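Everything below concerns the one structure shown next.
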Amino acid sequence: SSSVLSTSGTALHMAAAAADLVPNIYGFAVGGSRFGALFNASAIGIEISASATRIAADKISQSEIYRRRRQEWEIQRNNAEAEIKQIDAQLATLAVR
Amino acid sequence: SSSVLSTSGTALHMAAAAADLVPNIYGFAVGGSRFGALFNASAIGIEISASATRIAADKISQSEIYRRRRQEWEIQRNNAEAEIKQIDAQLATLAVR
Amino acid sequence: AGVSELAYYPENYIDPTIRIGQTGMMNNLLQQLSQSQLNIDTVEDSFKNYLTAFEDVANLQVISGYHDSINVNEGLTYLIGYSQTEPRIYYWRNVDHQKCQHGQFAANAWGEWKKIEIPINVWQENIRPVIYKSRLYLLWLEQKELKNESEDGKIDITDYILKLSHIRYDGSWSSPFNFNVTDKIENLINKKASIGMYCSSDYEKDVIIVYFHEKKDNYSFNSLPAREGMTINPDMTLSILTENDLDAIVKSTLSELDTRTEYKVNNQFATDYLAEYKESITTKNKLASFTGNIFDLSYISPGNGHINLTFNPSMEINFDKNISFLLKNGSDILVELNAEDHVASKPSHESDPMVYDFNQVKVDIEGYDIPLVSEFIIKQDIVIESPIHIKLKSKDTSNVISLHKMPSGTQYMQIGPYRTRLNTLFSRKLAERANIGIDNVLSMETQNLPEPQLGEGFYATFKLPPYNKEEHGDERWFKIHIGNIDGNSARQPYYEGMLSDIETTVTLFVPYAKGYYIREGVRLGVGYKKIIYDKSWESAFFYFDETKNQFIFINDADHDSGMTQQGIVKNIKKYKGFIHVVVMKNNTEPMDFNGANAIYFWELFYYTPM
Amino acid sequence: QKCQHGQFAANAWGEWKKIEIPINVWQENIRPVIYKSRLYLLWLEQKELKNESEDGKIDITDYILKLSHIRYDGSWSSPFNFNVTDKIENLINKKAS
Amino acid sequence: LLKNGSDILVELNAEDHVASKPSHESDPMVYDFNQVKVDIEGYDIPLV
């Protein structure tokens with residue numbers, strides 16, 4: 001949800017840049033508008049995109065470390081099942097003795 | 001506390017955007033106000049929301065890794081209890097011998 | 001067996017954590033609650049944080065809506081509400097009219113409020129939604145007033161700008177598309193009047209119609225208001241609108257225009273009719289595919305209830321007393337065509353598709369719903385059925401959803417005789433319980449809190465006779481109808497119930513609007529499988545006493561020289577069909593857990609403690 | 001309720017709680033108000049813009065009433081603006097506090 | 001019965017001074033006695 005929701009701000013930053021290009025002031029002073037607003041919005045959209053794919057990498061890393069934890073538990077379960085079979089057969093040979 | 005407190009800034013950013021839409025200048029220059037302040041505040045609220053749910057994911061990850069640590073300690077405790085029972089019964093058969 | 005058990009015992013499968021359709025506040029509470037350690041202080045702080053969002057969702061107020069279809073009882077309305085904050089933040093929800101089986105919506109029909117993310121600064125709340133190509137478009141105006149307010153260099157620059165945004169599939173909102181409209185708005189503003197806003201979507205032409213009008217107290221179909229027309233393409237390029245097409249549009253939908261006193265909801269724009277049909281329909285016999293089609297459909301309404309259809313049917317057999325066209329009504333054969341007769345330029349066998357192109361088919365039908373069927377019969381047993389549904393746009397005032405705002409704070413939507421609450425005053429009473437204690441908000445006293453009653457209104461309890469196969473008939477129901485509400489003074493199917501054993505009562509809310517109640521006020525009779533009532537004072541006539549500011553049952557006794565709203569009438573009988581009818585004297589109707597905010601109330605009072 | 005005879009116990013005093021909405025009062029005209037058992041907060045702001053000259057002497061002062069109430073989670077609402085400068089200038093032309 | 005802590009101020013009945021006694025055909029029987037007027041003095045009036 002974080003990786004999806006973080007990418008929805010580039011349209012708003014671009015809209016802020018498009019809204020702040022028209023001249024604010026009027027009258028005897030003709031108008032003041034920041035011209036680099038589009039470049040600043042594109043740069044901040046690139047940065048928020050980099051943050052979004054960073055947290056996507058964190059998400060996939062968490063998924064894979066959970067998968068490896070499950071595989072290790074599978075190893076432990078197979079070892080314990082072999083162990084309980086071995087002790088059962090040792091009980092059998094103890095009954096024979 | 002971080003995940004809760006980080007989400008309380010969107011109202012302040014929206015209030016800053018609503019306060020910076022009225023024209024600042026007066027007189028022979030009629031007025032200058034940044035028009036994209038609402039879009040910038042909405043984008044920065046989206047980014048701070050993404051950071052808040054990221055740190056919420058970190059919090060729940062820490063809770064689950066503590067739970068797994070406790071479960072592993074439970075495994076070790078059951079193994080050691082079986083071991084002390086086995087060595088006690090070996091002491092019994094050594095007394096018989 | 002798992003599916004059948006989920007049908008029979010759903011109690012085994014409900015977990016209190018996940019649920020299909022749980023809200024964003026519920027999910028945020030679950031994020032705030034999912035730890036290894038949960039103290040009482042931690043869970044109470046999380047509950048207060050949930051209560052804040054619940055309060056902010058309960059404190060919404062509907063601005064305006066857009067019914068999707070032509071008729072009210074078919075499509076689904078899209079409402080828009082705002083929050084009580086200085087950066088006023090807007091929401092949208094969706095309510096279906098297919099679910100209201102008789103006038104009243106179930107809680108299944110109401111969708112969740114969904115916050116829109118594009119920040120919107122409206123000028124004088126002129127903001128409408130519009131469903132265009134089944135996509136939620138949003139329209140509003142912004143103003144930029146820059147006044148010097150002096151004499152030396154008096155500068156008065158005001159700029160009005162139309163903005164357009166549509167939703168995406170992933171819930172995100174598009175960038176707003178700017179349109180300078182300040183010349184037309186200054187034309188409507190130099191003539192000093194309140195500026196209205198019509199926003200709808202044509203479907204014949206694929207544009208959206210936006211015209212701003214002045215606000216009169218009545219639009220009388222010949223005194224057209226001052227208007228400024230505009231239209232937007234499917235692409236966000238803007239198209240011009242001539243004054244003749246603008247006058248045709250205003251004459252088409254003057255009825256859906258907001259007056260100075262009452263807010264309307266724009267329906268889908270339609271001039272006279274709408275032809276719902278498909279062009280080409282294939283069959284693909286193993287001999288040959290056929291794919292008969294209707295090419296150039298055109299219909300002109302000559303008057304009110306009539307039509308003049310015109311189209312050029314064809315058949316496209318690709319690899320006599322053979323293939324025949326047939327245009328029928330439900331039972332009337334209107335146009336019957338053949339291949340040997342009236343087919344210009346019969347196709348040669350050297351063409352691999354054989355296109356026929358019969359002639360231009362003209363017909364004149366009357367009525368409001370014309371489900372025509374075009375048939376392409378081949379036999380010697382191959383029929384190509386092609387339906388055409390033509391539906392008239394009813395121009396009644398009942399075909400317009402009206403929403404209102406009581407000064408007490410409630411906000412109801414009224415569709416004719418029916419009214420539906422959209423708001424609540426629960427957050428205004430919630431804080432006194434919440435600051436006292438968390439036990440107090442989850443008490444049953446907080447659930448048994450009263451609410452206002454959606455306009456002036458009154459109630460009436462109708463005690464009913466037992467069912468005994470006579471005086472009722474056979475089918476064992478009752479239809480409490482109504483009369484004399486609108487300018488229409490006739491029998492309308494207000495409420496229906498199933499007739500039961502020895503005693504059954506029903507409390508019905510009956511509104512009042514002071515432009516209502518045409519003759520002797522509202523009458524209210526019973527229906528049956530046998531002969532129904534309401535013939536010359538058989539029903540229950542009520543009227544609003546303006547003097548005592550209360551509602552008077554007039555059909556109480558067999559009164560002589562009794563007062564109605566028209567005046568003193570001579571001979572009044574008793575109400576028949578019922579057993580006891582009386583005014584219910586300020587009922588409560590506390591919280592409506594089957595209402596619009598039923599999901600939020602259920603999530604607060606059951607799902608959150610679970 | 002805790003002062004059994006004129007004098008408060010230390011049980012009666014609550015903790016200071018910092019409000020988070022930034023407030024710029026004019027001449028300290030700020031009062032709280034308990035409304036529907038909810039802490040509402042009222043104050044006035046001023047915006048003095050004086051040219052202080054003769055050629056184009058511009059004296060624009062604007063007095064604005066702001067309202068904010070607390071929430072259940074301790075957060076504060078957005079301030080609701082109310083233009084009140086006409087009534088304040090009526091009280092100010094008659095020269096008094 | 002409207003009383004003070006010990007003073008009986010207004011005493012009403014159902015047969016006496018009740019306008020339009022309700023019928024048994026109504027399932028709630030609303031009575032609506034009359035308009036009760038009284039004049040009390042003092043600063044704390046815990047009426048019952």
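Each chain in the structure tokens gets a letter, A, B, ..., in the order shown, and its residues are numbered from 1; ligands are numbered from 1 in order too.
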Just the strand (DSSP E) stuff from stretch 386-502 of chain C, please, per backbone DSSP, written as an MDAnalysis selection string. chainID C and resid 386:392 402:403 412:415 418:421 458:463 478:482 492:497
Per residue of chain A within 8 Å of chain B, what are the shortest atom pair and its distance in Å to one decimal, counting only C-alpha atoms, with rows by chain and residue number, as JSON lines?
```
{"residue": "A:1", "atom": "CA", "partner": "B:53", "partner_atom": "CA", "distance": 7.6}
{"residue": "A:2", "atom": "CA", "partner": "B:50", "partner_atom": "CA", "distance": 4.8}
{"residue": "A:3", "atom": "CA", "partner": "B:50", "partner_atom": "CA", "distance": 7.4}
{"residue": "A:5", "atom": "CA", "partner": "B:50", "partner_atom": "CA", "distance": 6.2}
{"residue": "A:6", "atom": "CA", "partner": "B:50", "partner_atom": "CA", "distance": 5.3}
{"residue": "A:8", "atom": "CA", "partner": "B:46", "partner_atom": "CA", "distance": 7.4}
{"residue": "A:9", "atom": "CA", "partner": "B:43", "partner_atom": "CA", "distance": 4.7}
{"residue": "A:10", "atom": "CA", "partner": "B:43", "partner_atom": "CA", "distance": 7.4}
{"residue": "A:12", "atom": "CA", "partner": "B:39", "partner_atom": "CA", "distance": 5.2}
{"residue": "A:13", "atom": "CA", "partner": "B:40", "partner_atom": "CA", "distance": 5.8}
{"residue": "A:15", "atom": "CA", "partner": "B:39", "partner_atom": "CA", "distance": 6.4}
{"residue": "A:16", "atom": "CA", "partner": "B:36", "partner_atom": "CA", "distance": 3.9}
{"residue": "A:17", "atom": "CA", "partner": "B:36", "partner_atom": "CA", "distance": 6.5}
{"residue": "A:18", "atom": "CA", "partner": "B:36", "partner_atom": "CA", "distance": 7.6}
{"residue": "A:19", "atom": "CA", "partner": "B:36", "partner_atom": "CA", "distance": 5.0}
{"residue": "A:20", "atom": "CA", "partner": "B:36", "partner_atom": "CA", "distance": 5.3}
{"residue": "A:24", "atom": "CA", "partner": "B:32", "partner_atom": "CA", "distance": 4.5}
{"residue": "A:25", "atom": "CA", "partner": "B:32", "partner_atom": "CA", "distance": 4.6}
{"residue": "A:26", "atom": "CA", "partner": "B:30", "partner_atom": "CA", "distance": 5.1}
{"residue": "A:27", "atom": "CA", "partner": "B:29", "partner_atom": "CA", "distance": 5.1}
{"residue": "A:28", "atom": "CA", "partner": "B:29", "partner_atom": "CA", "distance": 5.5}
{"residue": "A:29", "atom": "CA", "partner": "B:29", "partner_atom": "CA", "distance": 5.1}
{"residue": "A:30", "atom": "CA", "partner": "B:29", "partner_atom": "CA", "distance": 7.7}
{"residue": "A:32", "atom": "CA", "partner": "B:32", "partner_atom": "CA", "distance": 7.3}
{"residue": "A:48", "atom": "CA", "partner": "B:47", "partner_atom": "CA", "distance": 7.9}
{"residue": "A:55", "atom": "CA", "partner": "B:54", "partner_atom": "CA", "distance": 7.9}
```
Pick out the closest residue to residue E:18 from this set: E:5, E:47, E:33, E:40. Count only C-alpha atoms.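 For residue E:18, the nearest of the given residues is E:33.
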With a distance threshold of 6 Å and counting only C-alpha atoms, extract the residues of chain C near chain B and express them as a PyMOL selection string. chain C and resi 35-36+87+119+148
Which neighbours of residue E:4 fall inside 9 Å, counting only C-alpha atoms, when residues of the same chain fewer than 2 positions from it are skipped, and could you give them as a PyMOL selection string? chain E and resi 2+6-9+45-48
Can you write out the residues you just picked, keeping N, CA, C and O atoms, as a CSV table (one decimal), in the first residue's frame?
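Wrote it out as again01.csv, contents follow:
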```csv
chain,number,residue,atom,x,y,z
E,2,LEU,N,-46.9,17.3,39.9
E,2,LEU,CA,-45.7,18.1,39.9
E,2,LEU,C,-45.5,18.6,41.4
E,2,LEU,O,-46.4,19.3,41.9
E,6,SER,N,-41.3,19.3,49.2
E,6,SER,CA,-42.4,18.9,50.0
E,6,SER,C,-43.7,19.5,49.6
E,6,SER,O,-44.8,19.1,50.1
E,7,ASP,N,-43.7,20.5,48.8
E,7,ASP,CA,-45.0,21.2,48.4
E,7,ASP,C,-45.5,20.6,47.1
E,7,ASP,O,-44.8,20.4,46.1
E,8,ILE,N,-46.8,20.2,47.2
E,8,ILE,CA,-47.6,19.7,46.0
E,8,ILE,C,-48.0,21.0,45.3
E,8,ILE,O,-48.9,21.7,45.7
E,9,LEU,N,-47.4,21.2,44.1
E,9,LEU,CA,-47.7,22.4,43.4
E,9,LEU,C,-48.8,22.2,42.4
E,9,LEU,O,-49.8,23.0,42.4
E,45,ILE,N,-34.6,25.2,42.2
E,45,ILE,CA,-35.9,24.7,42.3
E,45,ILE,C,-35.9,23.2,41.8
E,45,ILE,O,-36.2,23.0,40.7
E,46,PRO,N,-35.5,22.2,42.6
E,46,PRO,CA,-35.5,20.8,42.2
E,46,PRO,C,-36.9,20.2,42.2
E,46,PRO,O,-37.3,19.5,43.0
E,47,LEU,N,-37.6,20.6,41.1
E,47,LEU,CA,-39.0,20.1,41.0
E,47,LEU,C,-39.0,18.6,40.6
E,47,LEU,O,-38.0,18.1,40.0
E,48,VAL,N,-40.0,17.9,40.9
E,48,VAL,CA,-40.2,16.5,40.6
E,48,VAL,C,-41.6,16.3,40.0
E,48,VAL,O,-42.6,16.7,40.6
```
Taking only C-alpha atoms into account and nothing else, which residues of chain E lie no more than 10 Å away from chain C? Please answer as a PDB file with N, CA and C atoms, in the first residue's frame.
```
ATOM      1  N   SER E  23     -58.899   7.047  22.638  1.00  0.00           N
ATOM      2  CA  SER E  23     -59.682   5.840  22.446  1.00  0.00           C
ATOM      3  C   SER E  23     -58.811   4.608  22.643  1.00  0.00           C
ATOM      4  N   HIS E  24     -59.469   3.483  22.920  1.00  0.00           N
ATOM      5  CA  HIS E  24     -58.758   2.223  23.071  1.00  0.00           C
ATOM      6  C   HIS E  24     -58.336   1.626  21.740  1.00  0.00           C
ATOM      7  N   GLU E  25     -58.830   2.163  20.623  1.00  0.00           N
ATOM      8  CA  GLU E  25     -58.413   1.684  19.315  1.00  0.00           C
ATOM      9  C   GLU E  25     -56.981   2.086  18.983  1.00  0.00           C
ATOM     10  N   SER E  26     -56.452   3.121  19.626  1.00  0.00           N
ATOM     11  CA  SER E  26     -55.044   3.449  19.469  1.00  0.00           C
ATOM     12  C   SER E  26     -54.199   2.536  20.345  1.00  0.00           C
ATOM     13  N   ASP E  27     -53.105   2.032  19.786  1.00  0.00           N
ATOM     14  CA  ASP E  27     -52.261   1.142  20.575  1.00  0.00           C
ATOM     15  C   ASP E  27     -51.377   1.931  21.546  1.00  0.00           C
ATOM     16  N   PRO E  28     -50.772   3.097  21.177  1.00  0.00           N
ATOM     17  CA  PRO E  28     -50.349   4.008  22.249  1.00  0.00           C
ATOM     18  C   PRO E  28     -51.467   4.962  22.634  1.00  0.00           C
ATOM     19  N   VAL E  30     -52.097   8.316  24.110  1.00  0.00           N
ATOM     20  CA  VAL E  30     -51.505   9.602  24.449  1.00  0.00           C
ATOM     21  C   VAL E  30     -52.588  10.467  25.072  1.00  0.00           C
TER      22      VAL E  30
END
```
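Atom CA of residue C:77 is found 9.9 Å from atom CA of residue C:110.
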At a cut-off of 10 Å, using only C-alpha atoms, what residues contact residue C:238? Leave out same-chain residues fewer than 5 positions from it and give the result as a VMD selection string. chain C and resid 179 207 to 208 230 to 233
Expected file: the selected residues, N, CA, C and O atoms, as a PDB file, in the first residue's frame:
```
ATOM      1  N   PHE C 179      -9.958  25.732 -18.266  1.00  0.00           N
ATOM      2  CA  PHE C 179     -10.707  26.349 -19.352  1.00  0.00           C
ATOM      3  C   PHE C 179     -11.084  27.756 -18.930  1.00  0.00           C
ATOM      4  O   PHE C 179     -11.790  27.937 -17.934  1.00  0.00           O
ATOM      5  N   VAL C 207     -20.516  14.223 -26.464  1.00  0.00           N
ATOM      6  CA  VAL C 207     -19.939  15.363 -25.773  1.00  0.00           C
ATOM      7  C   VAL C 207     -20.637  15.516 -24.429  1.00  0.00           C
ATOM      8  O   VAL C 207     -21.613  14.832 -24.130  1.00  0.00           O
ATOM      9  N   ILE C 208     -20.111  16.420 -23.610  1.00  0.00           N
ATOM     10  CA  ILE C 208     -20.772  16.810 -22.373  1.00  0.00           C
ATOM     11  C   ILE C 208     -21.228  18.251 -22.505  1.00  0.00           C
ATOM     12  O   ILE C 208     -20.527  19.100 -23.062  1.00  0.00           O
ATOM     13  N   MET C 230     -21.583  25.941 -23.844  1.00  0.00           N
ATOM     14  CA  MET C 230     -20.244  25.386 -23.940  1.00  0.00           C
ATOM     15  C   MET C 230     -20.383  23.876 -24.032  1.00  0.00           C
ATOM     16  O   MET C 230     -21.371  23.310 -23.561  1.00  0.00           O
ATOM     17  N   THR C 231     -19.403  23.230 -24.657  1.00  0.00           N
ATOM     18  CA  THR C 231     -19.404  21.780 -24.757  1.00  0.00           C
ATOM     19  C   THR C 231     -17.978  21.269 -24.883  1.00  0.00           C
ATOM     20  O   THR C 231     -17.123  21.907 -25.500  1.00  0.00           O
ATOM     21  N   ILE C 232     -17.730  20.102 -24.293  1.00  0.00           N
ATOM     22  CA  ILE C 232     -16.400  19.503 -24.263  1.00  0.00           C
ATOM     23  C   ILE C 232     -16.445  18.182 -25.015  1.00  0.00           C
ATOM     24  O   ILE C 232     -17.366  17.381 -24.820  1.00  0.00           O
ATOM     25  N   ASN C 233     -15.433  17.939 -25.837  1.00  0.00           N
ATOM     26  CA  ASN C 233     -15.306  16.728 -26.635  1.00  0.00           C
ATOM     27  C   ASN C 233     -14.952  15.536 -25.745  1.00  0.00           C
ATOM     28  O   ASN C 233     -14.772  15.687 -24.535  1.00  0.00           O
TER      29      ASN C 233
END
```
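Residue neighbourhood of stretch 75-88 of chain B, excluding near-sequence residues (fewer than 6 positions): residues 73, 76, 77 and 80 of chain A; 68, 69, 94 and 95 of chain B, at 12 Å, using only C-alpha atoms.
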Among stretch 33-103 of chain C, which residues carry a DSSP assignment of helix (DSSP H, G or I), reported as a PyMOL selection string? chain C and resi 33+40-58
For residue D:35, find every residue with an atom within 12 Å (counting only C-alpha atoms), except residues of its own chain fewer than 5 positions away, and show them as a ChimeraX atom specification. /C:428-429,431-432 /D:40-42,67-70
Applying 12 Å and only C-alpha atoms, which residues near residue D:12 remain after dropping the ones on its own chain fewer than 5 positions away? List them as JSON, numbers by chain. {"D": [1, 2, 3, 4, 7]}
What separation in Å, quoted to one decimal, exists between atom CA of residue C:608 and atom CA of residue C:29?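 Computed distance, atom CA of residue C:608 to atom CA of residue C:29, equals 8.6 Å.
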For chain C, which residue out of D:86, D:48, D:20, D:73 is the nearest one, using only C-alpha atoms?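 Nearest to chain C: D:73.
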Pull out every residue of chain D sitting within 9 Å of chain B, counting only C-alpha atoms, and send them as a PyMOL selection string. chain D and resi 21+49+51+56+58+60+75+77-79
Interface, chain D side, toward chain C (6 Å; only C-alpha atoms) as number ranges by chain: D: 37, 72-73, 80
Export of prior selection with C-alpha atoms as a tab-separated table (two decimals), in the first residue's frame:
```
chain	number	residue	atom	x	y	z
D	37	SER	CA	-18.43	19.53	26.07
D	72	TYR	CA	-10.85	13.16	20.71
D	73	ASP	CA	-7.27	12.14	19.87
D	80	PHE	CA	-12.12	28.57	10.62
```
Between atom CA of residue C:408 and atom CA of residue C:586, what distance in Å does the model show, to one decimal?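 About the pair atom CA of residue C:408 and atom CA of residue C:586: they are 15.4 Å apart.
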